[PDB]
Structures are given as C-alpha cells and as structure tokens.
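Written out below as structure tokens is the structure these notes cover.
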Amino acid sequence: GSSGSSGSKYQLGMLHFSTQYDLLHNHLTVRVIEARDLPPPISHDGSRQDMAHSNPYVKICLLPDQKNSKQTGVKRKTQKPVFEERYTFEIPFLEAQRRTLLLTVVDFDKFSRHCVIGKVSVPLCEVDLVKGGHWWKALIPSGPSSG
C-alpha cells in the first residue's frame, strides 16, 4: 500500500549487480559489481559540479528485512564506484525466493547527508538463483513506506 511513479523519466543512473545462490554452501552469494551514470555529490541541486569527487559506496540488503544492511569498502575519489567484491548470507532457499535483493547507492563524505541517489529492488522468486543472476537496472527514486 504505497504511491507509485508516473511522469518525467528517472535519469538517476544505473548500477551493475549479480545475484547467485550457492547450493553447495547453501547460502546467498551476492557479488557487488561496478556502476556508471551516477550523479555528483549534491544536496539541493546544481548541474555537474566542477572539481567534485568523493568516495561513493554501494549497500546491500534482503527485503523485507531492511535492518541488517551491508556496505562495500570505500573507494577513492571517483565517479564510477567499482569494487567487484563477493558476499555471503546464510539463508534457506525457501526464504530466499520470498526475500528480495535491494541495492542502495549512497555517497560517503563529510557533508554527505542521507541523500541516497537511488535504489534497485529485484525479487528472487522468478529469477533462477541456483543458476545465478546478472542484469542491468536503472536506479529508482526511493520513497516513503508504511510497511
């Protein structure tokens, strides 16, 4: 029970990620991939700020659980955050299917307020984890949730 989005497209950007579940280890293997088309460090507004480079980072989480969130190391001044790191999560397939892979892209810096650039949610119910996942999505403008 929440509002939707309809109108001016969202040119927030795009993030690369792959969702694969390991049967041998019986855990969720979520490897974080690089990204591109990410907006500069801005609070209110302002075109491509000059000489504006910070240390961005990507977070991880498995909905509906939005408490135990993970985060990749902090890279050096760069527009395209790339880590190519792998992660694990002891979760029973049965649950996995019900759970959802959500990735949040937030910048890290002194005056780096909680102005997340965008998020990317994807249900692991349809996708085949046992076989692994790998696609490209366009970050969406997160919003309020009463659930």
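Lettering and numbering for the structure tokens are positional, with chains as A, B, ... in the shown order, residues counted from 1 in each chain, and ligands counted from 1 in the shown order.
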Task: 6 Å contact set for range 30-43 of chain A, only C-alpha atoms, chain neighbours under 2 positions out, as number ranges by chain - done: A: 13-19, 45, 80-82, 84-87
Open item on the list: List as a PyMOL selection string the protein and nucleic acid residues near range 90-95 of chain A, meaning an atom at most 9 Å away when only C-alpha atoms are counted, but skip any in the same chain fewer than 6 places from it.
Closed with: chain A and resi 21+23+25-28+129
Export of the given selection (N, CA and C atoms) as an mmCIF file, in the first residue's frame:
```
data_model
loop_
_atom_site.group_PDB
_atom_site.id
_atom_site.type_symbol
_atom_site.label_atom_id
_atom_site.label_comp_id
_atom_site.auth_asym_id
_atom_site.auth_seq_id
_atom_site.Cartn_x
_atom_site.Cartn_y
_atom_site.Cartn_z
ATOM 1 N N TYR A 21 22.806 -17.837 -5.926
ATOM 2 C CA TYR A 21 22.744 -18.617 -4.697
ATOM 3 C C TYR A 21 23.553 -19.903 -4.825
ATOM 4 N N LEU A 23 24.319 -23.596 -3.861
ATOM 5 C CA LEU A 23 23.652 -24.769 -3.304
ATOM 6 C C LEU A 23 24.613 -25.582 -2.441
ATOM 7 N N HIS A 25 27.125 -24.498 -0.646
ATOM 8 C CA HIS A 25 27.300 -23.823 0.635
ATOM 9 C C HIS A 25 25.951 -23.514 1.276
ATOM 10 N N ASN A 26 24.890 -23.594 0.478
ATOM 11 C CA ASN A 26 23.543 -23.322 0.969
ATOM 12 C C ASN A 26 23.435 -21.896 1.498
ATOM 13 N N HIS A 27 23.973 -20.946 0.740
ATOM 14 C CA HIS A 27 23.936 -19.541 1.133
ATOM 15 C C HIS A 27 23.746 -18.642 -0.084
ATOM 16 N N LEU A 28 23.451 -17.371 0.167
ATOM 17 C CA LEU A 28 23.242 -16.407 -0.909
ATOM 18 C C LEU A 28 24.535 -15.666 -1.233
ATOM 19 N N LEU A 129 18.249 -18.488 -8.966
ATOM 20 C CA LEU A 129 19.450 -18.331 -8.154
ATOM 21 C C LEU A 129 20.431 -19.472 -8.405
#
```
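Relative to CA of residue 124 in chain A, CA of residue 99 in chain A is found at 6.6 Å.
The spacing separating CA of residue 97 in chain A from CA of residue 117 in chain A amounts to 26.9 Å.
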- [ ] Could you give me, as number ranges by chain, the residues within 12 Å of residue 145 in chain A, counting only C-alpha atoms and dropping anything in the same chain fewer than 6 positions from it?
- [x] A: 1-4, 64, 66
Task: Secondary structure check, strand (DSSP E) residues of chain A, as number ranges by chain - done: A: 14-22, 27-36, 57-63, 70-71, 88-89, 100-106, 118-123, 135-137
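If you look at CA of residue 54 in chain A and CA of residue 74 in chain A, they are 9.8 Å away from each other.
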Task: Nearest candidate to residue 142 in chain A (options A:127, A:68, A:10, A:22; using only C-alpha atoms) - done: A:10
Open item on the list: Would you pick out the contacts of residue 58 in chain A at 7 Å or less, using only C-alpha atoms, so that residues sharing its chain but fewer than 4 positions from it are not included, and give the list as a PyMOL selection string?
Closed with: chain A and resi 71-72+103-106
Limited to C-alpha atoms, could you put the picked residues into a file as a PDB file, in the first residue's frame?
```pdb
ATOM      1  CA  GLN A  71      28.206  -1.982   2.592  1.00  0.00           C
ATOM      2  CA  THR A  72      31.282  -2.348   0.385  1.00  0.00           C
ATOM      3  CA  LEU A 103      20.811  -2.309  -3.500  1.00  0.00           C
ATOM      4  CA  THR A 104      21.167   1.291  -2.325  1.00  0.00           C
ATOM      5  CA  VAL A 105      23.729   3.756  -3.674  1.00  0.00           C
ATOM      6  CA  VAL A 106      24.723   6.398  -1.127  1.00  0.00           C
TER       7      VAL A 106
END
```
Which residues are near residue 9 in chain A? Cut-off 12 Å, only C-alpha atoms, ignore same chain within fewer than 5 positions. Put them as an mmCIF file with N, CA, C and O atoms, in the first residue's frame.
```
data_model
loop_
_atom_site.group_PDB
_atom_site.id
_atom_site.type_symbol
_atom_site.label_atom_id
_atom_site.label_comp_id
_atom_site.auth_asym_id
_atom_site.auth_seq_id
_atom_site.Cartn_x
_atom_site.Cartn_y
_atom_site.Cartn_z
ATOM 1 N N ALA A 138 18.076 0.421 -13.784
ATOM 2 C CA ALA A 138 18.224 1.860 -13.607
ATOM 3 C C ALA A 138 17.691 2.304 -12.249
ATOM 4 O O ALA A 138 16.485 2.266 -12.001
ATOM 5 N N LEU A 139 18.596 2.723 -11.372
ATOM 6 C CA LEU A 139 18.217 3.175 -10.037
ATOM 7 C C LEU A 139 16.901 3.945 -10.076
ATOM 8 O O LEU A 139 16.636 4.692 -11.017
ATOM 9 N N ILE A 140 16.082 3.757 -9.047
ATOM 10 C CA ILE A 140 14.795 4.438 -8.962
ATOM 11 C C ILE A 140 14.737 5.356 -7.747
ATOM 12 O O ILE A 140 15.407 5.134 -6.737
ATOM 13 N N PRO A 141 13.917 6.414 -7.842
ATOM 14 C CA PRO A 141 13.750 7.387 -6.759
ATOM 15 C C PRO A 141 13.014 6.799 -5.560
ATOM 16 O O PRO A 141 11.786 6.711 -5.557
#
```
Leaving out residue 69 in chain A and any residue of its chain fewer than 3 positions from it, which residues lie within 10 Å of it when counting only C-alpha atoms, given as an mmCIF file with N, CA and C atoms, in the first residue's frame?
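Result written to selection.cif:
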```
data_model
loop_
_atom_site.group_PDB
_atom_site.id
_atom_site.type_symbol
_atom_site.label_atom_id
_atom_site.label_comp_id
_atom_site.auth_asym_id
_atom_site.auth_seq_id
_atom_site.Cartn_x
_atom_site.Cartn_y
_atom_site.Cartn_z
ATOM 1 N N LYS A 59 25.379 -0.237 -0.949
ATOM 2 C CA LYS A 59 24.901 -1.025 0.182
ATOM 3 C C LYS A 59 24.106 -2.236 -0.295
ATOM 4 N N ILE A 60 23.901 -3.194 0.602
ATOM 5 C CA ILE A 60 23.152 -4.401 0.273
ATOM 6 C C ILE A 60 22.135 -4.731 1.359
ATOM 7 N N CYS A 61 21.075 -5.433 0.976
ATOM 8 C CA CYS A 61 20.029 -5.815 1.917
ATOM 9 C C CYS A 61 19.051 -6.794 1.275
ATOM 10 N N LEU A 62 18.397 -7.600 2.106
ATOM 11 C CA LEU A 62 17.435 -8.583 1.619
ATOM 12 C C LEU A 62 16.054 -8.332 2.215
ATOM 13 N N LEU A 63 15.215 -7.621 1.472
ATOM 14 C CA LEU A 63 13.863 -7.314 1.925
ATOM 15 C C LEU A 63 13.076 -8.591 2.199
ATOM 16 N N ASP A 65 13.405 -7.525 5.038
ATOM 17 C CA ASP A 65 14.364 -7.163 6.074
ATOM 18 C C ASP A 65 15.208 -5.968 5.640
ATOM 19 N N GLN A 66 15.010 -4.836 6.309
ATOM 20 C CA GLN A 66 15.751 -3.622 5.991
ATOM 21 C C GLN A 66 16.545 -3.136 7.199
ATOM 22 N N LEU A 102 17.804 -5.911 -2.675
ATOM 23 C CA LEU A 102 17.743 -4.465 -2.860
ATOM 24 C C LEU A 102 19.114 -3.831 -2.647
ATOM 25 N N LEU A 103 19.521 -2.984 -3.585
ATOM 26 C CA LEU A 103 20.811 -2.309 -3.500
ATOM 27 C C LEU A 103 20.632 -0.795 -3.459
ATOM 28 N N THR A 104 21.256 -0.156 -2.475
ATOM 29 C CA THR A 104 21.167 1.291 -2.325
ATOM 30 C C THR A 104 22.516 1.954 -2.575
#
```
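Among the candidates A:83, A:73, A:57, A:49, the one nearest to residue 109 in chain A when counting only C-alpha atoms is A:57.
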Open item on the list: If DSSP is run on the backbone, what residues of chain A are alpha helix (DSSP H)? A reply as a ChimeraX atom specification would be ideal.
Closed with: /A:93-98
